[PDB]
Amino acid sequence: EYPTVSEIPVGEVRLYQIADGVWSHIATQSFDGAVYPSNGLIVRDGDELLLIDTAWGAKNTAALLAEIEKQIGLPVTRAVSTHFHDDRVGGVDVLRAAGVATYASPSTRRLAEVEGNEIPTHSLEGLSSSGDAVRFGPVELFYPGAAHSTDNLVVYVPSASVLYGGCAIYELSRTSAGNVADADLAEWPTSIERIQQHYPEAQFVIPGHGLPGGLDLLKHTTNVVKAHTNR
Ligand SMILES: CC(C)n1ccnc1C(=O)O
Ligand SMILES: [Zn+2]
Ligand SMILES: [Zn+2]
Ligand SMILES: [Zn+2]
């Protein structure tokens with residue numbers, strides 16, 4: 001079964017095999033006296049690995065690399081951060097020190113710099129307009145439009161029909177909006193609809209935080225965001 005906070009002490013990282021050659025990584029972080037789980041993705045690319053997002057912080061990300069080497073034993077050669085917040089770029093310095101080539105859109109790199117966060121080395125072209133998609137090794141990167149943040153990307157694994165939504169997609173247990181300080185509430189439902197239109201065949205949907213589900217998570221997120229809009 002999918003791990004929860006009570007199964008993961010902060011500092012430790014779990015891997016969960018979603019499908020052949022596709023894992024999520026799960027870590028925990030404390031924020032304001034509460035503990036949050038956070039998901040990222042690992043995708044096999046031949047005899048290498050592609051990492052999607054850090055494990056939210058330097059210590060967690062170092063533990064992530066150690067757990068990957070222990071359990072999978074293939075090199076993480078590239079990493080993609082799906083937006084500029086700390087749970088996604090926090091640990092980029094650890095990845096870079098370990099020899100991982102780090103990537104983000106130029107929109108993400110700029111916003112991370114303004115926030116004083118860690119900055120991925122490389123810039124991903126072809127993702128500047130809503131609906132843009134590019135292949136990056138074994139995944140497709142998709143910019144659906146502004147949602148949780150103006151730069152948020154989602155990631156699809158075509159071989160496994162796995163959609164990783166990052167923080168633009170909420171788990172079913174989340175009934176109210178999370179951090180929306182940098183969100184475009186007005187555009188978020190339209191952006192989610194672009195995801196649905198582009199990946200209608202998705203079989204596994206991974207939210208940024210919490211339990212995987214199916215495409216139901218998209219309309220659930222839209223409902224939560226619209227209700228917050230009308231608060
Ligand atoms: C739920 C809040 C506090 N959060 C923490 C990290 N990421 C988020 C988010 O909403 O995306
Ligand atoms: Zn965020
Ligand atoms: Zn987040
Ligand atoms: Zn719901």
# chains A, B, ... in the order shown; residues from 1 in each chain; ligands from 1
call {"tool": "residues_near_ligand", "arguments": {"ligand": "ligand 3", "cutoff": "12 Å", "atoms": "only C-alpha atoms and all ligand atoms", "output": "number ranges by chain"}}
result
A: 28-29, 31, 36-40, 53-56, 81-90, 147-149, 152, 165-171, 177-183, 207-210
call {"tool": "residues_around", "arguments": {"residues": "residue 141 (chain A)", "least_positions_apart": "3", "cutoff": "10 Å", "atoms": "only C-alpha atoms", "output": "number ranges by chain"}}
result
A: 80, 82, 124, 126-127, 132-138, 144, 153-157, 164
call {"tool": "closest_residue", "arguments": {"among": "A:129, A:190, A:9, A:1", "to": "residue 63 (chain A)", "atoms": "only C-alpha atoms"}}
result
A:9
call {"tool": "closest_residue", "arguments": {"among": "A:17, A:128, A:117, A:229", "to": "residue 93 (chain A)", "atoms": "only C-alpha atoms"}}
result
A:117
call {"tool": "residues_around", "arguments": {"residues": "residue 22 (chain A)", "least_positions_apart": "5", "cutoff": "7 Å", "atoms": "only C-alpha atoms", "output": "list in words"}}
result
residues 17, 42, 43 and 44 of chain A
call {"tool": "write_last_selection", "arguments": {"atoms": "N, CA and C atoms", "output": "tab-separated table (two decimals), in the first residue's frame"}}
result
chain	number	residue	atom	x	y	z
A	17	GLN	N	6.74	1.63	-6.36
A	17	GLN	CA	6.67	1.29	-7.78
A	17	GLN	C	5.23	1.39	-8.26
A	42	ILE	N	10.22	9.01	-10.37
A	42	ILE	CA	11.44	8.43	-10.90
A	42	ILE	C	11.06	7.60	-12.12
A	43	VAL	N	11.72	7.84	-13.24
A	43	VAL	CA	11.38	7.14	-14.48
A	43	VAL	C	12.64	6.53	-15.08
A	44	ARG	N	12.61	5.22	-15.30
A	44	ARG	CA	13.75	4.55	-15.92
A	44	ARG	C	13.90	4.98	-17.38
call {"tool": "residues_near_ligand", "arguments": {"ligand": "ligand 4", "cutoff": "7 Å", "atoms": "only C-alpha atoms and all ligand atoms", "output": "list in words"}}
result
residues 172, 175, 220, 221, 223 and 224 of chain A
call {"tool": "write_last_selection", "arguments": {"atoms": "C-alpha atoms", "output": "PDB file, in the first residue's frame"}}
result
ATOM      1  CA  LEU A 172      -8.875  13.416  -2.834  1.00  0.00           C
ATOM      2  CA  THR A 175     -10.779  19.371   0.748  1.00  0.00           C
ATOM      3  CA  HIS A 220     -11.766  17.113  -7.545  1.00  0.00           C
ATOM      4  CA  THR A 221      -9.038  19.755  -7.684  1.00  0.00           C
ATOM      5  CA  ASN A 223     -14.038  21.768  -7.436  1.00  0.00           C
ATOM      6  CA  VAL A 224     -11.805  22.647  -4.474  1.00  0.00           C
TER       7      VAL A 224
END
call {"tool": "atom_distance", "arguments": {"atom1": "CA of residue 59 (chain A)", "atom2": "CA of residue 13 (chain A)"}}
result
10.1 Å
call {"tool": "residues_around", "arguments": {"residues": "residue 158 (chain A)", "least_positions_apart": "5", "cutoff": "9 Å", "atoms": "only C-alpha atoms", "output": "VMD selection string"}}
result
chain A and resid 138 to 140 163 202
call {"tool": "closest_residue", "arguments": {"among": "A:151, A:47, A:113, A:125", "to": "residue 188 (chain A)", "atoms": "only C-alpha atoms"}}
result
A:151
call {"tool": "atom_distance", "arguments": {"atom1": "CA of residue 192 (chain A)", "atom2": "CA of residue 123 (chain A)"}}
result
24.0 Å
